[PDB]
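Single chain ahead, by itself, as structure tokens, in the form deposited in one PDB entry.
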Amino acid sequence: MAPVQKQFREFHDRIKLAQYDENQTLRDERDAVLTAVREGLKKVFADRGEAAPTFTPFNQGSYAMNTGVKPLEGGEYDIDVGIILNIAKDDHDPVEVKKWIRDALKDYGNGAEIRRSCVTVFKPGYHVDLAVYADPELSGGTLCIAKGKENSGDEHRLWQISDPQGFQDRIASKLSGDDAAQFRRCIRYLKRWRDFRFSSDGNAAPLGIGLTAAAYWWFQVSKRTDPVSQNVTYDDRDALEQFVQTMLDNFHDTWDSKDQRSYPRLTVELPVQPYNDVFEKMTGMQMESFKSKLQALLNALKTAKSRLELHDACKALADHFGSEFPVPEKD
């Protein structure tokens, strides 16, 4: 294994967080929240003189896809779980259903809160986001998520077609074996870059699902196979360089009439329903800053390639990946 590749693999080992099926602690935190939901629904619906609805849970997010990273010091883990209630979407307002869930989790941890696409519970060190779905069998065979906040108007409270397991399947199935391993490593690298360089203004940070969808569209394996021995070596630095360049190539200067100027915009459609641009909520100014930081990262990947000393190559990378990127002592 080549030197800078060795450094990338060590970096990966430091940032990776084990997926649900390999992480008893995550499974326990998830299951504690789900048990609390069940008990709280018993109580909430007894107070209404009704039988509580049942739900089936399923894993979502980066810990379901084996792309999870550890948070930086002072950050929180983001546990994502979907719950499918045995209800018909046409019988209930979606924010009302989320209110059931929020009330059920009234006293669990540091309280609960209804967000646009989920109900969030808080615990020291992590939060659990519960995406709330209606039963497809009772709702016309489509899986719909409860969108809307308590303050949302009628047009913002909707049951939106969704496909989280299809997205998970697309990410799992794009590649296989060690190719898929490099794909997941590069997603993790960019998530740590995101956490390190978008910490001043978290609301301007690109969503992790947006980085993952971008990788789905544009990541390419970088490896070499020795023609005589068939030994295979991977080159994560080169894979990242090509991927970041392809992302940059897909920015488009977009005129904004209100501001009478252009902003660079990257559109990244989800590859499953509802096929939306994952970055659509980023402002033009946030996109300009995103592009500038991606460019600086690209320049660093290229500079790292041409350094004589491993120390200097790793320093150039740590300037963008943060202090857990290993930097060997200068001679």
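Numbers for residues come from their place in the sequence shown, where the first is 1. Residues that one form lacks are left out of the comparison. The term rigid core refers to the most C-alpha atoms you can superpose between the two forms while keeping them within 1.5 Å.
In this entry, 122-130 has the higher mean Cα B-factor, the comparison being between 122-130 and 163-171. The stretch 149-157 shows the higher mean C-alpha B-factor when 149-157 is compared against 76-84 in the entry. Set against one another, the Cα B-factors of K42, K305, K291, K70 in the record reach their highest point at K42. Highest CA B-factor among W255, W217, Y108, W193, as stated in the entry: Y108.
Sort the chain's modelled residues by C-alpha temperature factor and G284 lands in the lowest third, per the entry. Per the PDB record, residue ranking by Cα B-factor puts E113 in the highest third of the chain. Split the chain's modelled residues into thirds by C-alpha temperature factor. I101 is in the highest one. In the PDB entry, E22 places in the highest third of its chain by CA B-factor. Among the modelled residues of the chain, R184 sits in the lowest third by CA temperature factor in this PDB entry.
The same protein also exists as the form deposited with a small molecule bound; that form is not shown, yet it is the one meant from here on.
Against the small molecule in the deposited complex, the set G61, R116 and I145 is in full contact: each member has a heavy atom within 4.5 Å. Per the 4.5 Å heavy atom criterion, the small molecule in the deposited complex is contacted by stretch 204-212, the sole one of 88-96, 204-212, 231-239, 245-253. Proximity of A304 to the small molecule in the deposited complex: non-hydrogen atoms within 4.5 Å are absent; the residue sits far from the partner. A residue is said to contact a partner when one of its heavy atoms sits within 4.5 Å of a partner heavy atom; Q182 fails this definition for the small molecule in the deposited complex, lying far away. In the deposited complex, the small molecule sits within 4.5 Å of a heavy atom belonging to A131.
Residue contact check for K223: none of its heavy atoms lie within 4.5 Å of the small molecule in the deposited complex. A heavy atom within 4.5 Å of the small molecule in the deposited complex is found for exactly one of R197, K174, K123, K149: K149. Note on contacts: among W159, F219, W193, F167, the single residue with a heavy atom within 4.5 Å of the small molecule in the deposited complex is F167.
When the two forms are overlaid on the core, a lone consecutive residue run of 3+ whose CA positions all differ by 2 Å or more between the shown form and the other one maps to 199-203.
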